[PDB]
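For reference, the structure discussed in these notes is given below.
All chains are identified by letter, namely A, B, C, D, E, F and G, in their written order; residue positions are counted from 1 within each chain.
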Amino acid sequence: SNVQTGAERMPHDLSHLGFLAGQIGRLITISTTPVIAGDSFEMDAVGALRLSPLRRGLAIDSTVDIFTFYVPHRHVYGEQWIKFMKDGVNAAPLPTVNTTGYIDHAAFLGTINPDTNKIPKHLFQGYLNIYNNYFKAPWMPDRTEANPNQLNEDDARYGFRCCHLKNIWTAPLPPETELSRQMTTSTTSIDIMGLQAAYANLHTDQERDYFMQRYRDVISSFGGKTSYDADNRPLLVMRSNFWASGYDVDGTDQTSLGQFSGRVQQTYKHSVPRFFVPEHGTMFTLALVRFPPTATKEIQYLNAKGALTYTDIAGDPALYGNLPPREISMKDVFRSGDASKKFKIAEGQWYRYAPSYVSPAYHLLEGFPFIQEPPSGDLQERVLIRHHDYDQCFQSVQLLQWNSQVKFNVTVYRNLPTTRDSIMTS
Amino acid sequence: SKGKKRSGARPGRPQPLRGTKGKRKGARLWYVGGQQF
Amino acid sequence: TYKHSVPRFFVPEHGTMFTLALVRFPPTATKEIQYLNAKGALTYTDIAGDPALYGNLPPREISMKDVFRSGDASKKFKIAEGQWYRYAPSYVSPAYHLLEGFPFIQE
Amino acid sequence: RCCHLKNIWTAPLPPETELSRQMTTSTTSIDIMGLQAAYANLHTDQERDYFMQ
Amino acid sequence: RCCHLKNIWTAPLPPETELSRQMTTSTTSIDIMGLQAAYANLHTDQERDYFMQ
Amino acid sequence: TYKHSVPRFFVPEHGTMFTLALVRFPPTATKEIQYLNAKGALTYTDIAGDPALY
Amino acid sequence: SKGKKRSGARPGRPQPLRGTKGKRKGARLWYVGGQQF
């Protein structure tokens, strides 16, 4: 009888809808699709972004980010792949991972939880690779769970916490920078040629602390290049950003005459141009919603430290360009800050940055997404976003803090037989 | 990072979603034994 | 606002003309999963997308448990081989489950 | 009641499609000309199941 | 040591090529749809032996 | 007299460049025979060159 | 494989090697304290 060995190249629809929801400052998966080696991928996403109804009207916009990444299966399975592909049919099946038994767990991966509490390993591990290479601070430790059921709630139902927009206290120098370095000398002598060699060792250490925490950064400084296969990192295909706006509604009865309520609704588009898929893998699409980091109790540095010295106030170029970094506390920038929490800044940074001012009359007032109290804990706890800081800004609904409805217009050019060829023997 | 850094805001109103699929049609997908409306 | 227009039609014998209406929604369900994410362990036939294998195999029989969270394993139906690479389902977040408005299929 | 819009589970193959078909052979032999005629009978059956009810 | 220039005896087929392949049948019957699926498994094996090591 | 020329090549990471040589002869043997002259009795499959059989 | 498949035979006679190094000069390499011939 007739045996088919090849196919022709045709476009495939693969379009679907998007009823999404999430929290603020957490990275959640929006869409996912498998691809084959040799394909071409295209996507237009058109939708609307809404926030929960506000308590008093629109005051500050929020910014929204959409990302698309490509993750090969060889980056996840490694050597179990390759052997799988070389053996062809009759190869051993690929492994899975375990999840907690609920419906809303494994929702940060953009799927409903199966009744068996098992999902493909490449879905979970492909999310960890994106977070560890692009979204955590380079000086933080990596995250390695091996099983989605080892996470807690708010990590399984919603994504992982991300970082605030850069600021004086949300973007400090890494907690490993050295404020001094010693050189061993004799009792009544010093080698001045070895002193010259001690400055060259410190220069390489300071570069590896401010710019070059990752291997791909070290190679780039020499003038070289690394492919994402050499580093085993995902490939960023597209990125979009916008601000979300809306309007107000006026109350008209006896009690609410003079009261307003804000309604955020924004139309957006995420477009990915044609992309050649070199190996089997997955495409991820993710979203992130954030606010500018405004706090009600922040003060200017020169107004908070006690007595002004020449180094603070003069702005002398010979002094700012030759001094080590300065270590300060949370008490120097916040009214109720803790004096035992320290971080390091650059000298003269108070003449390069200006903070926002919030009047004392705004303290503890509903609506108005601010940070009411100075953040507590170690450095990593302060830099990451706490979505409980925005609970008093919205009204309680079932759809969390933001929701979206989107149509994904995907198109892939594959080499597959038609449905007719698959069901007919001859 | 690599290659995107684009933008996506549009003006107007968020019209309701119309049709679950369809941007460009390929070949037939479903065979029931005749026409079905 | 709509319009239904019928051009001129020659009636050859005695009879009746009927006019009928039908209103429908797209079939979106809150508990639908992708086939490759729901079946357990991926084999070469599932994942490779090989043309020599999809074009020469018989149709595959699956259950409602393979596409739904609370589906029944004793309900079977047949699909074409490789149909999971030709079709994409809609995704509804778990936060939408059992919420008024929003015409979905809850179970 | 009418039918849903076509889908993976709302538009399956008819519940009468055959997943196999046998041919009678001998104990230690097979007629290869009759095998060719068995494929032509199956082709007509599959057409009457997918397109021609 | 390296390889000779290609020749009738210096370039033979790999020593793992199969000269036959069996399919399990019944005593007095054969599934002709499963026979079609047995040829597609052999095609992938022969490609991985001649071109795709 | 020979020449081996390598055009300009951008080195992306630290490494080594190797250069190697290999010298060979065509594989001629003194005792090789044609296949049809060495196998014993010629059958239809050996000699006819029929396209439907090969 | 990748990108070469070139050829290299030239006609003539194999002249003896003349000078161990030198195709294109850069900066100085050796410092003895003066000129040395």
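As a working rule, contacts are C-beta pairs under 8 Å (C-beta built on N, C-alpha and C of every residue); 3 or more make two chains touch, one makes a residue touch a chain.
Chains that touch both subunit B and subunit F: A. Minimum number of contact steps separating subunit D from subunit G: 3.
Ranked by C-beta contact pairs, the top pair of chains is A-C.
If you average the CA atoms of subunit E and of subunit F, the two centres end up 23 Å from each other. Chain centres here are Cα averages; for subunit C and subunit F they lie 56 Å apart. Distance between chain centres (mean CA atoms), subunit C to subunit E: 40 Å.
If you average the Cα atoms of subunit B and of subunit E, the two centres end up 44 Å apart.
The set of subunit A residues that touch two or more partner chains comprises 1, 3, 5, 12-13, 15-17, 88-89, 410, 419, 423, 425. None of the residues of subunit G touches two or more other chains.
Contacting chain pairs in the structure are A-B, A-C, A-D, A-E, A-F, B-C, B-D, C-D, C-E, D-E, E-F, F-G. Within the complex formed with subunit D, the subunit E residues making contact are 25-34.
Residue ranges of subunit D in contact with subunit A, taken from their complex: 13, 17, 39-40, 42-43, 46, 50.
Across the complex, subunit D meets subunit E through its residues 19-27, 30, 35, 38-39, 42.
Contact residues of subunit E toward subunit F in the complex are 2, 4-5, 7-8, 10. Residue ranges of subunit F in contact with subunit G, taken from their complex: 1-5.
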